[PDB]
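We give structure tokens for two forms of one protein chain below, kept apart as structure 1 and structure 2.
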Structure 1
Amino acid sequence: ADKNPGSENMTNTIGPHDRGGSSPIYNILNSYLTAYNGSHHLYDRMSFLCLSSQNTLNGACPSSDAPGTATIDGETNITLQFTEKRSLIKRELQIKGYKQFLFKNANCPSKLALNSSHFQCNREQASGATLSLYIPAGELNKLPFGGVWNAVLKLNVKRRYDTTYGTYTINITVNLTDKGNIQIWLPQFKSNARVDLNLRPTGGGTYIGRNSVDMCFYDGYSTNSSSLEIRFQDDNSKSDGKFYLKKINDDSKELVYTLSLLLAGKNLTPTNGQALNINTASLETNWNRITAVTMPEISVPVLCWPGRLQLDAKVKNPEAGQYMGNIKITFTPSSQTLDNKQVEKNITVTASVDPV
């Protein structure tokens, strides 16, 4: 059908793609018709130019008509800046671009650089042209961490050495997950987290203690997840929502403690085995130098939801000795409904009742 060139606004959503795998080719435009007319030949030399030759804000690539009359065969390299939604971190990816001409009586489907001079097919003038844009295989692998990476590609649509018809504004959104790196990060412990309750006698057989453990909940997605499920649980599940330390060498002797959690500005009170479901929108985030669980690498600090877990004990007439228990923390960040895996972290909790 006939088509008159002009400005257009487009949207592309890439993904979700997980950083654990190599990224495949992503088609942004495939032989998209930019212009065509069956009677005249005003569209016999369609060209596409970036707005700047080096500034990647909206895509950097040749910003004027190629000066040589020689046809430039092949594809144009476009360097495009992507900004991660939450972190505001900027990185550049390559987009490949090319045009193809349409002729009424013959076929010359050579790919031409966006900038190229026009040519005739068997002495015939083109009647129109298509535009193709894609992200080459492997480009996303360059990105440093999971998140929502956005770019706005801009190309002016032109009749070579003549009228500029308008601008194509192409919004590209890359949903880059990093599932293998979803984790509960503990700044003070690479492994085997342990806290002692620091019990001290206050007289009358009463013992009081308090300590805390810092953690950060990381979704491998720059905190773009809209909700999280979090739970704290211990061995001694006796079904009363309480947490117990047991005397080493004497399981029958127990010691009760309680938990409170400052989760990114929200004060919570976790009870044994009760899952907490929190909407993410109002939660604060912190930057943490969180490392990869295995691979792929997280090369630069990432956003996460910080939590300070406080353990309190006020205990009456406990028997002297060493006590120990475990807290199993589980975490599941929401998803657009794939439905992420649950991850965990274990904290060894101890306490000494020492009347000295």
Structure 2
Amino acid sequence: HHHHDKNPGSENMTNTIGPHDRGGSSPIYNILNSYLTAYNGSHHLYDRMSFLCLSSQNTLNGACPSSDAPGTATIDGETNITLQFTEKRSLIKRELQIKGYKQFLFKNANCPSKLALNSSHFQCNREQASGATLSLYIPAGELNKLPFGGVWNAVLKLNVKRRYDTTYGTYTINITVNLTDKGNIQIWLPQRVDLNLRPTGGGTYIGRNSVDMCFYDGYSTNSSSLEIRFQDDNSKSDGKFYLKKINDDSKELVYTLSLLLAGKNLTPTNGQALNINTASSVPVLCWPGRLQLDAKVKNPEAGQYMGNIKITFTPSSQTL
């Protein structure tokens, strides 16, 4: 229980939190761990430190009581702070809860009760305080309130005050939060398809269609690798996809697939598995992809044909 002298004043700090994955529930995350705001051996002007928010309704810089607590009785507890977090690359904004409390310091006594930021002062064993500590933290489970992984940022401003007296400065705290979401992978076809089949020269036909798709894998991760498989039930171990006349298993027609996914192009056989290096609660934004179907058929019998294709999404084993 040894403390150094210190005078309060404006401060600027940066606090980094995590990496924390989104998948597991957020634990408690410390922004300040009983940070010393003031202390003094000789006098007792730091016997009633209060910490006020700039606005009580404005969440930009944290919203919490902006005035000294009215009653003589202390408020034992924590102060709730609503603070606006902005993801860096999207500029999307979400408001999270922050918990804050002070703690008073006495020369000859130890009385460590937690007080709300604007709470009134007290004396321990009829002794006045000499300084105060300040703790601020993200509660458990708060980072799971964020809609998607990414670098979320915020700035907190608290005024440092002697209660019902002079304001000493303003603490600006820069809080960066690195959310991970590593187990997050999705695919969407924003919109079954028809190959719009038409004849060509020689009794040949040609059809071509394509589906646009939404595709995402959990980000701010390290480089990850995924596995995709394309299969047709009417898989004969050829590696070829087939369309059988409905009602006529005897007749088969052949078609092919190609996929451009986020700038990368591939044609898969029927049963092949493809690794995708990503270097090449879930999130809506998606890197673009397009599966394209194609077919060339000569002398084909009329009547409809149908084809079903399973596209399996998996992490692969030959990864890290």
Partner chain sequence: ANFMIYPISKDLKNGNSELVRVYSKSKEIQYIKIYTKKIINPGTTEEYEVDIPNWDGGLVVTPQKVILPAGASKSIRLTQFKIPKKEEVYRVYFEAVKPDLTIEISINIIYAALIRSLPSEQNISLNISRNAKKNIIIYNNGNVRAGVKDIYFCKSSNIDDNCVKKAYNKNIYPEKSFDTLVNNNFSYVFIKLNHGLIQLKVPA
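For residue numbers, the reference is structure 1: its sequence is counted from 1. Rigid core here is just the name for the largest C-alpha set that superposes within 1.5 Å across the two forms.
The chain as displayed in structure 2 is taken from the form deposited with its partner chain bound. In the core-aligned comparison between structure 1 and structure 2, the C-alpha of 240 is the only one from 124, 162, 92, 240 that shifts by 2 Å or more. After superposing the rigid core, the Cα of residue 83 is displaced by less than 2 Å between structure 1 and structure 2. Once the rigid core is overlaid between structure 1 and structure 2, residue 220 counts among the residues whose Cα shifts by 2 Å or more.
With the core held fixed between structure 1 and structure 2, residue 150 has its Cα displaced by under 2 Å. For residue 20, the Cα shift between structure 1 and structure 2 is 1.4 Å when the rigid core is held fixed in the overlay. Note on residue 102: its Cα is shifted 0.4 Å between structure 1 and structure 2, core used for superposition. When the rigid core is fitted, residue 322 shows a C-alpha shift of 17.2 Å between structure 1 and structure 2.
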